[PDB]
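Have a look at the structure below, then the notes.
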Amino acid sequence: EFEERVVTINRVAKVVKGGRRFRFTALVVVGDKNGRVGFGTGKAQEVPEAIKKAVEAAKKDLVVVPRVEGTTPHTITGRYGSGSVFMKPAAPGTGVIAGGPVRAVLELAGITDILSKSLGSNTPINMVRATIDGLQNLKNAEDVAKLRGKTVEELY
Amino acid sequence: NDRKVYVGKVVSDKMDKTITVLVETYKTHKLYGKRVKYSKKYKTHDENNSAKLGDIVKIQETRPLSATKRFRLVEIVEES
Amino acid sequence: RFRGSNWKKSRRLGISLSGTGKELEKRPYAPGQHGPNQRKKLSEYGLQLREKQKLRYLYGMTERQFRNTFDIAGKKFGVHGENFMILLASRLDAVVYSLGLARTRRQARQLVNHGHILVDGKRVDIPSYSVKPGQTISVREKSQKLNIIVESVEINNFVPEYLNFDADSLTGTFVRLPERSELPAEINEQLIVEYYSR
Amino acid sequence: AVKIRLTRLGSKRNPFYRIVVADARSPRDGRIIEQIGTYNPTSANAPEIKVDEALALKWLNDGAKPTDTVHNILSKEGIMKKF
Amino acid sequence: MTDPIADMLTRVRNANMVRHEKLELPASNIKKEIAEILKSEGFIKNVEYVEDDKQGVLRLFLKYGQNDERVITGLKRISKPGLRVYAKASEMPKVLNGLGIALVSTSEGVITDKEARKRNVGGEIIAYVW
Amino acid sequence: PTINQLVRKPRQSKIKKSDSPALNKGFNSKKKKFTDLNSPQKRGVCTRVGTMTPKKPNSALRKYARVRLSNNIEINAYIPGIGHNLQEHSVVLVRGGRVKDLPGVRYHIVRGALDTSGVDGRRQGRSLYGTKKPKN
RNA sequence: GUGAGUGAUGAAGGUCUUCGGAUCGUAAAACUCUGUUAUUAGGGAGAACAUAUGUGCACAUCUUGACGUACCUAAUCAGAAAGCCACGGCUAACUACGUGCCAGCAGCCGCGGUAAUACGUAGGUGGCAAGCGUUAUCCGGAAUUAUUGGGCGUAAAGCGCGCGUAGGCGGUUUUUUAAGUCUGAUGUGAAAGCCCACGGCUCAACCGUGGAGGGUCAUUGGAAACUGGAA
RNA sequence: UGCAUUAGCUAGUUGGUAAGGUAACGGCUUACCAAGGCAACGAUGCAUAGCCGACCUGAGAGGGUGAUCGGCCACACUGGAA
Ligand SMILES: [Mg+2]
Ligand SMILES: [Mg+2]
Ligand SMILES: [Mg+2]
Ligand SMILES: [Mg+2]
Ligand SMILES: [Mg+2]
Ligand SMILES: [Mg+2]
Ligand SMILES: [Mg+2]
């Protein structure tokens, strides 16, 4: 139905009067394989259900990724904070070329053919937001003709 | 098969045919793509044809017949 | 050869993969000395080592050839993860384990050394060829039958498609490079399409 | 001085030959004036005669020489007595 | 002022964030084709042209989308004072898989990459708009 | 920076500080000059052994030497091994790579090297620090 | 290719053991299977071209082997496909024993102060392949020299602030030019090599064939929107 | 190719007319006549390096090499002159 992949976990502390106390955070990404992707962040005193605490926080907002037929339409560099990604379309039989986190938002998406490379930073909380920003900045090849007022043939 | 045909100004002249020919030219830099300009100071000989401060005239290369001058033309158009 | 115990690496990986099964008559829990314990996780290093290493013990070639057959697979046209599966079957040892000669590739991949190793001409005493469409792997002229090849020719039948052999000659010039459907099924092509690429 | 090349190209233990306008003092793989064809000296070739000699017609018509006992390939051609 | 048309064409973005429909320009002869190959390609509702004295007025009357989406969504000057570029007609680049439309001063005036193939000419490609 | 100050003073790559600085060079016998070689290993004879103690997070005490190589570039190189050798005036074959936490050694001694073939009471090291008698 | 179809927990003996049982392990025997190595064989690919006579320098027809292992065929042996390195995470590879901040590992963070999966062995496992691993030099990863493709408030980074020549860049329009610009007709950037196609080498390593394809250039044709150049 | 922590070099040195001499023009050599010529578009000085079609790396831009195999120099104990 929907697929839910953990990208990473982290053991996060806080100092109080006695010894410091721990809690686990775990951001997770939820893909739907037709090109609709959300993600969420978990924060609880346990591994195996703070995941679920994030997963229920991920479906509450999604993005509608522009599938061109097995690919992405054009070239984009979505950045957010110091981290950045370099997205680039490719041939229909290529595989996906990505780093660690930025294939967990592409194969969990429905694109399957992108050349890409991370740039700038590499902490996994800033990769994914800039990638989602990059996918929001992408447009279809027909609504550009809609706001343009042209037809599809008139652009080429 | 012909000679060279370079044109350009002069700096000055002294006694005995010291017709030095300043030539200006453009080139790209090899990497940065800027249009950098540079010159080259040439030499040719004649009787009394030129003078200081502006004697732009074509020259044409020939057999050397000097120690540095290798152009045999002082065919004049523009001057002071 | 491997010079090892292929029924001791048929449970260290997941599969015997050369027959039907040789793991139900043994402890199929784990390989050894830690079988009375759990199972761990799997990374993308688990993808590369489990899948490349679970496919190397099915075509017994050692490494430094795996890259050579990997770009030898690559230097062609099509999808790469399909084309490595297109050039997975041109080896005459594969046609000596797949045209019903013998089961295990220790004897069946020894079918160049003593048997019907002629292929449309002279003998081919190696572990493969570039056996393209339209070429017969016939029998040896002085002996069209070895010990094991004709004595166990009547033991099995109903062989694979994209091959049409006969009796009494053990020869096939059948079709072509086969389909991507008929292949070893239990592998994932994209989990090994970047594993030797990274 | 101008001659015709018979050099030792090809895989070793298989001495091939390439036919080109050479000189008497420059070595085998040395400086080459112009090409004059080749020949399959492999002794396992049916079709072999590779001399498109219209680009080699200027050699013997301007002062060439025969090359170093290659004369039976000069026998399978016929370019003489035309003048 | 250092560049005659960068100061023009970067009033467009600053008059594209805050959603105006007015922008007044120091007009030229150059820009009276620039803002019409953006009128030919939808990015402007209606430019009239310079209609006053002493090289004066020029107004543009921009175009926004249906639910107040900005339409011109990307803008770039590339061939600059201090660094020209000159792209020959063989390696003429498309803009965003050909969606955006660059523009080029060539031997037949200012044309675009729509027109860089029927003429097979090249020139100083100066912008990219998307 | 802008282009005019970038075609004027161009870019200039970073220096390459190199590991094993006390090597790559052969000081000649006749001509009496330093050279450049980029050599993997060099000979040398030994002077001291000693052992200094402190390695502040590591805290054990280990030995060293002061070999000096062909044409006298004196050095401190670390001896791998639970045992050792018994030889002053050695013919070592040194090796690069810095054993850390000792301030002042960047070099090994390959065990064997026609002076001492290592330690006899080690079996499954079998190439490191000089063993033998395996038929695996 | 130093072995092959079998072959009941399959074992005497190694290790785990709380031992009841998994493991080496279908490993092994002992059947059944094979010539690659070993005694003999005919062992004869590159291997051509003339100082002649008949016709009028051209044709046909008689003249030349150092390595002599190769290709060959045919009985048919079990002659060592072994040893390297690791096993906590980067990065697949786990248990016991002596050892107790010692002797010792170390690419990096770091492991041992008495029960170390990081020391030394043992067993097992993982990767290898006639080798494995180590030290040394270069490139990428490195956008850590950033023209594509970075920055200068507090993180490294704004001259203490003027006036200024050499150099760099420039408003608006109309004319002509043609240096930069755009374009196409040539001469050229040899061959061997890289990129694909093809023949041959038992396939492979390797060879020959026609093309990209050989950069700033060379001379004239040509277009004149922008940068020069001049009124 | 690197050094501005190398900023003033050059005196038949740069031109003219001869006289010769070389396969061949010429400050190549001498007779005078004179004043030049070079340079922040890095001259001179020291240090290191035989160049190139190529080879290794790189997605590309670039970066690093020069023994194999070919093009072209320079050199044969060290210096000169036929
Ligand atoms: Mg290991
Ligand atoms: Mg150890
Ligand atoms: Mg920075
Ligand atoms: Mg001022
Ligand atoms: Mg000024
Ligand atoms: Mg032509
Ligand atoms: Mg040598």
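So you can find residues: chains in the structure tokens are A, B, ... in the order shown, residues in each start at 1, and ligands are numbered from 1 in order.
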Distance query residue 71 (chain D) at most 9 Å, only C-alpha atoms (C1' of nucleotides), self and fewer than 5 positions along chain excluded, as an MDAnalysis selection string: (chainID D and resid 66 76) or (chainID G and resid 49)
Can you check which residues of region 61-174 of chain C DSSP gives as helix (DSSP H, G or I) on the backbone and send them as number ranges by chain? C: 66-74, 80-83, 95-98, 108-110, 148-151
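If you take only C-alpha atoms (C1' of nucleotides) and a cut-off of 8 Å, the residues of chain D that reach chain G are residues 10, 11, 14, 15, 69, 72, 78, 80 and 81 of chain D.
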Could you turn the residues from that selection into a file that holds N, CA and C atoms, as a PDB file, in the first residue's frame?
ATOM      1  N   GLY D  10      51.877  -6.072 -37.429  1.00  0.00           N
ATOM      2  CA  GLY D  10      51.028  -7.174 -37.035  1.00  0.00           C
ATOM      3  C   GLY D  10      51.420  -7.786 -35.712  1.00  0.00           C
ATOM      4  N   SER D  11      50.660  -8.808 -35.324  1.00  0.00           N
ATOM      5  CA  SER D  11      51.028  -9.605 -34.164  1.00  0.00           C
ATOM      6  C   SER D  11      52.332 -10.348 -34.409  1.00  0.00           C
ATOM      7  N   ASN D  14      53.581 -13.546 -36.509  1.00  0.00           N
ATOM      8  CA  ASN D  14      52.729 -13.425 -37.690  1.00  0.00           C
ATOM      9  C   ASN D  14      53.175 -12.224 -38.509  1.00  0.00           C
ATOM     10  N   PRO D  15      54.257 -12.360 -39.254  1.00  0.00           N
ATOM     11  CA  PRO D  15      54.876 -11.188 -39.885  1.00  0.00           C
ATOM     12  C   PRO D  15      54.105 -10.632 -41.072  1.00  0.00           C
ATOM     13  N   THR D  69      63.362  -7.817 -53.169  1.00  0.00           N
ATOM     14  CA  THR D  69      62.715  -9.105 -53.445  1.00  0.00           C
ATOM     15  C   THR D  69      61.284  -9.124 -52.886  1.00  0.00           C
ATOM     16  N   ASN D  72      57.596 -10.740 -56.901  1.00  0.00           N
ATOM     17  CA  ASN D  72      56.468 -11.535 -57.356  1.00  0.00           C
ATOM     18  C   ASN D  72      55.146 -10.846 -57.066  1.00  0.00           C
ATOM     19  N   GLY D  78      51.006  -5.270 -63.327  1.00  0.00           N
ATOM     20  CA  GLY D  78      51.551  -5.265 -64.666  1.00  0.00           C
ATOM     21  C   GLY D  78      52.089  -3.929 -65.114  1.00  0.00           C
ATOM     22  N   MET D  80      54.246  -1.802 -66.295  1.00  0.00           N
ATOM     23  CA  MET D  80      55.446  -1.472 -67.049  1.00  0.00           C
ATOM     24  C   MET D  80      55.111  -1.763 -68.498  1.00  0.00           C
ATOM     25  N   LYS D  81      55.880  -1.145 -69.408  1.00  0.00           N
ATOM     26  CA  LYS D  81      55.762  -1.141 -70.872  1.00  0.00           C
ATOM     27  C   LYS D  81      54.537  -0.335 -71.327  1.00  0.00           C
TER      28      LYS D  81
END
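The residues sitting within 8 Å of ligand 1, with only C-alpha atoms (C1' of nucleotides) and all ligand atoms considered, come out as residues 85, 86, 87, 93, 126 and 127 of chain G.
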Would you please extract all strand (DSSP E) residues from chain B, as assigned by DSSP on the backbone, and give them as number ranges by chain? B: 19-28, 35-44
Expected file: the selected residues, C-alpha atoms, as a compact mmCIF listing (two decimals), in the first residue's frame:
# COMPACT_ATOMS: atom_id res chain seq x y z
CA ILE B 19 60.87 52.59 -38.94
CA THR B 20 59.62 50.70 -35.90
CA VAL B 21 56.00 49.60 -36.20
CA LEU B 22 53.81 49.19 -33.13
CA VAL B 23 51.05 46.64 -33.72
CA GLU B 24 48.08 46.09 -31.38
CA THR B 25 46.07 42.87 -31.27
CA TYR B 26 43.44 41.00 -29.29
CA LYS B 27 43.56 37.53 -27.83
CA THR B 28 41.52 35.57 -25.42
CA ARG B 35 39.38 39.66 -24.27
CA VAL B 36 42.88 40.78 -23.33
CA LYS B 37 44.72 43.20 -25.60
CA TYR B 38 48.47 43.30 -26.17
CA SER B 39 51.01 44.76 -28.57
CA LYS B 40 54.25 43.89 -30.40
CA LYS B 41 57.05 46.21 -31.52
CA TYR B 42 58.24 45.58 -35.10
CA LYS B 43 60.78 47.10 -37.47
CA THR B 44 61.18 48.09 -41.13
Neighbours of region 32-37 of chain A within 6 Å (only C-alpha atoms (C1' of nucleotides); same-chain residues fewer than 4 positions away dropped), as number ranges by chain? A: 2, 62-65, 108-110
With only C-alpha atoms (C1' of nucleotides) and all ligand atoms counted, collect every polymer residue having an atom within 10 Å of ligand 3; state the result as a PyMOL selection string. (chain A and resi 120) or (chain G and resi 143-144+146+150-151+156)
Excluding residue 105 (chain F) and any residue of its chain fewer than 6 positions from it, enumerate the residues within 10 Å of it, using only C-alpha atoms (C1' of nucleotides), and give them as a PDB file with N, CA and C atoms, in the first residue's frame.
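See part.pdb below for the written result:
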ATOM      1  N   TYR F  64      61.869   2.071  20.686  1.00  0.00           N
ATOM      2  CA  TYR F  64      62.087   2.778  19.429  1.00  0.00           C
ATOM      3  C   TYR F  64      63.513   2.487  18.999  1.00  0.00           C
ATOM      4  N   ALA F  65      63.998   3.225  18.011  1.00  0.00           N
ATOM      5  CA  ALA F  65      65.396   3.170  17.621  1.00  0.00           C
ATOM      6  C   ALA F  65      65.787   4.524  17.064  1.00  0.00           C
ATOM      7  N   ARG F  66      67.066   4.676  16.767  1.00  0.00           N
ATOM      8  CA  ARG F  66      67.523   5.769  15.918  1.00  0.00           C
ATOM      9  C   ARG F  66      68.375   5.138  14.835  1.00  0.00           C
ATOM     10  N   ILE F  75      66.956   9.371  11.925  1.00  0.00           N
ATOM     11  CA  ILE F  75      65.522   9.144  11.897  1.00  0.00           C
ATOM     12  C   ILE F  75      65.191   8.377  13.162  1.00  0.00           C
ATOM     13  N   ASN F  76      63.917   8.331  13.517  1.00  0.00           N
ATOM     14  CA  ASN F  76      63.453   7.438  14.565  1.00  0.00           C
ATOM     15  C   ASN F  76      62.368   6.561  13.974  1.00  0.00           C
ATOM     16  N   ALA F  77      62.579   5.255  14.004  1.00  0.00           N
ATOM     17  CA  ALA F  77      61.667   4.307  13.393  1.00  0.00           C
ATOM     18  C   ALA F  77      61.202   3.312  14.440  1.00  0.00           C
ATOM     19  N   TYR F  78      59.964   2.853  14.318  1.00  0.00           N
ATOM     20  CA  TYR F  78      59.375   2.005  15.342  1.00  0.00           C
ATOM     21  C   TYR F  78      59.456   0.539  14.952  1.00  0.00           C
ATOM     22  N   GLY F  96      57.425   3.302   5.692  1.00  0.00           N
ATOM     23  CA  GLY F  96      56.669   4.477   6.067  1.00  0.00           C
ATOM     24  C   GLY F  96      55.417   4.154   6.860  1.00  0.00           C
ATOM     25  N   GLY F  97      54.740   5.213   7.290  1.00  0.00           N
ATOM     26  CA  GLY F  97      53.541   5.057   8.085  1.00  0.00           C
ATOM     27  C   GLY F  97      53.780   5.387   9.538  1.00  0.00           C
ATOM     28  N   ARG F  98      53.054   6.368  10.060  1.00  0.00           N
ATOM     29  CA  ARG F  98      53.333   6.918  11.378  1.00  0.00           C
ATOM     30  C   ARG F  98      52.614   6.116  12.448  1.00  0.00           C
ATOM     31  N   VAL F  99      53.381   5.426  13.284  1.00  0.00           N
ATOM     32  CA  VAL F  99      52.838   4.924  14.537  1.00  0.00           C
ATOM     33  C   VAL F  99      52.535   6.118  15.420  1.00  0.00           C
TER      34      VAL F  99
END
Non-local contacts of region 17-24 of chain E (8 Å; only C-alpha atoms (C1' of nucleotides); under 2 positions in same chain excluded) as number ranges by chain: E: 11-15, 26, 57-63
How close does chain G get to chain E? List, as a Markdown table, each residue of chain G within 10 Å, its nearest atom pair and the distance in Å to one decimal, counting only C-alpha atoms (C1' of nucleotides).
| residue | atom | partner | partner_atom | distance |
| --- | --- | --- | --- | --- |
| G:168 | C1' | E:82 | CA | 8.5 |
| G:169 | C1' | E:82 | CA | 6.7 |
| G:170 | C1' | E:2 | CA | 5.8 |
| G:171 | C1' | E:1 | CA | 7.4 |
| G:172 | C1' | E:55 | CA | 7.1 |
| G:173 | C1' | E:29 | CA | 9.2 |
| G:181 | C1' | E:123 | CA | 7.3 |
| G:182 | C1' | E:122 | CA | 5.2 |
| G:183 | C1' | E:121 | CA | 7.0 |
| G:223 | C1' | E:107 | CA | 5.5 |
| G:224 | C1' | E:107 | CA | 6.0 |
| G:225 | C1' | E:109 | CA | 4.0 |
| G:226 | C1' | E:105 | CA | 6.8 |
| G:227 | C1' | E:84 | CA | 9.0 |
I'd like the contact shell of residue 33 (chain H) - 12 Å cut-off, only C-alpha atoms (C1' of nucleotides), skipping same-chain residues fewer than 5 positions apart - returned as number ranges by chain. B: 15-16; H: 15-18
How would the residues just picked look written out with N, CA and C atoms (P, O5', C5', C4', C3', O3' and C1' of nucleotides) as a PDB file, in the first residue's frame?
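Saved to selection.pdb:
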ATOM      1  N   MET B  15      67.619  58.460 -36.823  1.00  0.00           N
ATOM      2  CA  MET B  15      68.336  58.487 -38.088  1.00  0.00           C
ATOM      3  C   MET B  15      68.512  57.078 -38.640  1.00  0.00           C
ATOM      4  N   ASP B  16      68.618  57.006 -39.969  1.00  0.00           N
ATOM      5  CA  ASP B  16      68.886  55.793 -40.742  1.00  0.00           C
ATOM      6  C   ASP B  16      67.799  54.735 -40.529  1.00  0.00           C
TER       7      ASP B  16
ATOM      8  P     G H  15      69.481  46.183 -35.682  1.00  0.00           P
ATOM      9  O5'   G H  15      69.254  47.591 -36.381  1.00  0.00           O
ATOM     10  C5'   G H  15      70.031  47.971 -37.504  1.00  0.00           C
ATOM     11  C4'   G H  15      69.854  49.429 -37.829  1.00  0.00           C
ATOM     12  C3'   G H  15      70.618  49.927 -39.039  1.00  0.00           C
ATOM     13  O3'   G H  15      69.920  49.664 -40.242  1.00  0.00           O
ATOM     14  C1'   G H  15      70.932  51.417 -37.233  1.00  0.00           C
ATOM     15  P     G H  16      70.690  49.089 -41.525  1.00  0.00           P
ATOM     16  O5'   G H  16      71.508  50.340 -42.068  1.00  0.00           O
ATOM     17  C5'   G H  16      70.827  51.509 -42.498  1.00  0.00           C
ATOM     18  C4'   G H  16      71.782  52.603 -42.899  1.00  0.00           C
ATOM     19  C3'   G H  16      72.874  52.202 -43.870  1.00  0.00           C
ATOM     20  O3'   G H  16      72.421  52.178 -45.209  1.00  0.00           O
ATOM     21  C1'   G H  16      73.804  53.472 -42.111  1.00  0.00           C
ATOM     22  P     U H  17      72.887  51.000 -46.193  1.00  0.00           P
ATOM     23  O5'   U H  17      74.291  51.504 -46.746  1.00  0.00           O
ATOM     24  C5'   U H  17      74.415  52.788 -47.331  1.00  0.00           C
ATOM     25  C4'   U H  17      75.856  53.188 -47.479  1.00  0.00           C
ATOM     26  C3'   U H  17      76.787  52.121 -48.017  1.00  0.00           C
ATOM     27  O3'   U H  17      76.717  51.970 -49.422  1.00  0.00           O
ATOM     28  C1'   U H  17      77.777  53.139 -46.138  1.00  0.00           C
ATOM     29  P     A H  18      76.932  50.522 -50.084  1.00  0.00           P
ATOM     30  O5'   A H  18      78.330  50.635 -50.840  1.00  0.00           O
ATOM     31  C5'   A H  18      79.359  49.672 -50.640  1.00  0.00           C
ATOM     32  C4'   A H  18      80.394  50.168 -49.659  1.00  0.00           C
ATOM     33  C3'   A H  18      81.736  49.459 -49.663  1.00  0.00           C
ATOM     34  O3'   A H  18      82.581  50.002 -50.661  1.00  0.00           O
ATOM     35  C1'   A H  18      81.008  49.966 -47.433  1.00  0.00           C
TER      36        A H  18
END
Which residues are close to residue 4 (chain D), i.e. within 6 Å by only C-alpha atoms (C1' of nucleotides), leaving aside same-chain residues fewer than 5 positions away? Reply as an NGL selection string. :D and (20-22 or 67)
